[PDB]
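Read through the structure below, which is laid out as structure tokens, and then see the notes.
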Amino acid sequence: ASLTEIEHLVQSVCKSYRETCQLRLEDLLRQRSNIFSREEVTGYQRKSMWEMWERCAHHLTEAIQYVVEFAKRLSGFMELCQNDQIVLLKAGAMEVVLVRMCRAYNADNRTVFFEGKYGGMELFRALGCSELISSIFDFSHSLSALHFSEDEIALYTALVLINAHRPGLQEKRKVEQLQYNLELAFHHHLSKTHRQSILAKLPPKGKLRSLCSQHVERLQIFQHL
Ligand SMILES: Cc1ncc(C(=O)Nc2cn3ccnc3c(CN3CCN(C(=O)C4CCCC4)[C@@H](C)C3)c2C)cn1
Ligand SMILES: Cc1ncc(C(=O)Nc2cn3ccnc3c(CN3CCN(C(=O)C4CCCC4)[C@@H](C)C3)c2C)cn1
């Protein structure tokens, strides 16, 4: 691939990410000073587990839909056979959701954006998922310490999805090519911005897949209730 082809790939991925976010980063940052009061927190804690599930499931359904749209915008994805598109989405969509969550996490006071304001872990008490939510908060905290730029998170999340190592792929070589092109773009971009330091700091994939597995396990328990 030519330099121009690589540069265009970077810009396409980054635009695709920006245009498939639920809220713009500038909006999330502006709202950091908007923190649920003690009375509002108490109000959330009083809600039924079922209502809190509905509220979280509503948000997650939208987040997953946006990740699906992001995937469809990645060069070559829609040219893959249906099977391989599905394999990549099954393994990767919720991983991208978990990574994207860090945009809405404020490390200064350990709060997250939810339904208009920022609140801590205690907002979600009615769910009875303290261990899991703590793990999700910890993951976002570790990600926030990397200080991902908008372009970095776009390219990283593209690579979460486009991974030729996923079991069950029918056209492995085709996915290998897309993955390689994206990696070239990512490495090129990091070199240009002097940000290659982030690579060794990226979350261990075993950690991301195990957290995703635990998350999806709990989501499926709720769905069956
Ligand atoms: C034009 C157009 N028409 C329809 C869609 C669409 O239907 N979009 C979805 C949104 N969603 C929102 C929430 N769920 C969905 C699903 C189901 N998917 C179940 C498996 N998924 C997993 O994450 C588990 C699989 C096992 C591990 C986790 C995800 C990939 C989600 C689809 C298909 C999109 N565009
Ligand atoms: C417009 C808009 N854009 C982005 C966000 C966003 O990303 N916000 C969060 C970021 N985080 C970063 C780390 N943790 C978070 C949380 C905590 N959430 C607890 C409940 N959640 C469950 O999945 C339970 C359902 C039953 C099992 C756990 C998840 C939704 C995660 C939120 C809300 C919100 N709004």
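Going through the structure tokens in order, the chains are called A, B, and so on, while each chain numbers its residues from 1 and the ligands are numbered from 1 in the order shown.
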
Taking only C-alpha atoms and all ligand atoms into account, which residues have an atom no farther than 6 Å from ligand 1? I'd like them as number ranges by chain. A: 61, 64-65, 89-91, 93-94, 216

Write out as a list in words the residues lying within 12 Å of residue A:210, counting only C-alpha atoms and excluding same-chain residues fewer than 5 positions away. residues 91, 94, 95, 98, 132, 135, 136, 139, 203, 204, 205, 215, 216 and 217 of chain A

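Separating atom CA of residue A:163 from atom CA of residue A:175 is a distance of 6.9 Å.
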
Using only C-alpha atoms and all ligand atoms, which of the listed residues (A:57, A:198, A:158, A:164) sits closest to ligand 2?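 Smallest distance to ligand 2 is found for A:57.
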
For stretch 37-103 of chain A against stretch 179-190 of chain A, with a cut-off of 12 Å and counting only C-alpha atoms, what is the closest atom pair and its distance in Å to one decimal for every residue that makes the cut, ordered by chain and number, as CSV?
residue,atom,partner,partner_atom,distance
A:74,CA,A:182,CA,9.6
A:75,CA,A:182,CA,9.3
A:76,CA,A:179,CA,10.1
A:77,CA,A:179,CA,10.5
A:88,CA,A:179,CA,11.7

Enumerate residues in contact with ligand 2: an atom-to-atom distance of at most 6 Å, counting only C-alpha atoms and all ligand atoms. Format the result as a PyMOL selection string. chain A and resi 22-23+53+56+60+101-102+104-105+112-114+133+136-137+140+218-219

Output file for the residues above (N, CA, C and O atoms, as a CSV table (one decimal), in the first residue's frame):
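Result went into again.csv, see below:
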chain,number,residue,atom,x,y,z
A,22,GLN,N,-22.4,7.5,20.4
A,22,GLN,CA,-23.7,8.0,21.0
A,22,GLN,C,-23.7,9.4,21.3
A,22,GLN,O,-24.6,10.2,20.9
A,23,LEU,N,-22.7,9.9,22.1
A,23,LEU,CA,-22.4,11.3,22.4
A,23,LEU,C,-21.0,11.7,21.9
A,23,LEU,O,-20.1,10.9,22.1
A,53,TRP,N,-32.1,-2.8,35.1
A,53,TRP,CA,-31.7,-3.7,34.0
A,53,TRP,C,-32.2,-3.1,32.7
A,53,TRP,O,-31.5,-3.0,31.7
A,56,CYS,N,-30.1,0.0,31.7
A,56,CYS,CA,-28.8,-0.5,31.3
A,56,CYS,C,-28.9,-1.2,29.9
A,56,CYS,O,-28.0,-1.0,29.1
A,60,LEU,N,-27.1,-0.3,26.4
A,60,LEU,CA,-26.2,-1.3,25.8
A,60,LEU,C,-26.7,-1.7,24.4
A,60,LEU,O,-25.8,-1.9,23.5
A,101,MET,N,-16.4,2.5,26.6
A,101,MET,CA,-16.9,3.0,27.9
A,101,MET,C,-16.0,4.0,28.5
A,101,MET,O,-16.4,4.9,29.3
A,102,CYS,N,-14.7,3.9,28.3
A,102,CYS,CA,-13.7,4.7,28.9
A,102,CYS,C,-13.8,6.2,28.5
A,102,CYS,O,-13.4,7.1,29.3
A,104,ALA,N,-16.5,7.8,28.6
A,104,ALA,CA,-17.5,8.3,29.5
A,104,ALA,C,-17.1,8.1,31.0
A,104,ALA,O,-18.0,8.2,31.9
A,105,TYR,N,-15.9,7.8,31.2
A,105,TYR,CA,-15.4,7.5,32.6
A,105,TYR,C,-14.5,8.7,33.0
A,105,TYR,O,-13.6,9.1,32.2
A,112,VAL,N,-19.0,7.8,36.1
A,112,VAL,CA,-19.4,7.5,34.7
A,112,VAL,C,-20.6,8.3,34.3
A,112,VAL,O,-21.5,8.5,35.1
A,113,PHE,N,-20.7,8.6,33.0
A,113,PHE,CA,-21.8,9.3,32.5
A,113,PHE,C,-23.0,8.2,32.3
A,113,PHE,O,-22.8,7.2,31.7
A,114,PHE,N,-24.1,8.6,32.8
A,114,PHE,CA,-25.3,7.7,32.7
A,114,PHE,C,-26.6,8.5,32.8
A,114,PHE,O,-26.8,9.2,33.8
A,133,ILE,N,-19.3,-4.7,38.0
A,133,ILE,CA,-19.3,-3.3,37.7
A,133,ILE,C,-17.9,-2.7,38.2
A,133,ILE,O,-17.4,-1.8,37.5
A,136,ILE,N,-15.4,-3.5,35.6
A,136,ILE,CA,-15.6,-2.6,34.4
A,136,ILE,C,-15.1,-1.2,34.7
A,136,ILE,O,-14.4,-0.6,33.8
A,137,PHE,N,-15.4,-0.7,35.9
A,137,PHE,CA,-14.8,0.6,36.3
A,137,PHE,C,-13.2,0.5,36.3
A,137,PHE,O,-12.6,1.5,35.9
A,140,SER,N,-11.9,0.7,32.8
A,140,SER,CA,-11.9,2.0,32.2
A,140,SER,C,-10.9,2.9,32.9
A,140,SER,O,-10.3,3.8,32.2
A,218,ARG,N,-23.3,-12.3,32.5
A,218,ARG,CA,-24.2,-11.7,33.4
A,218,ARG,C,-25.4,-11.1,32.6
A,218,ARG,O,-26.6,-11.2,33.0
A,219,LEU,N,-25.1,-10.5,31.4
A,219,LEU,CA,-26.1,-9.9,30.5
A,219,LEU,C,-27.1,-11.0,30.1
A,219,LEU,O,-28.3,-10.8,30.1

Using only C-alpha atoms: which of A:31, A:20, A:83, A:37 has the shortest distance to residue A:168: A:83
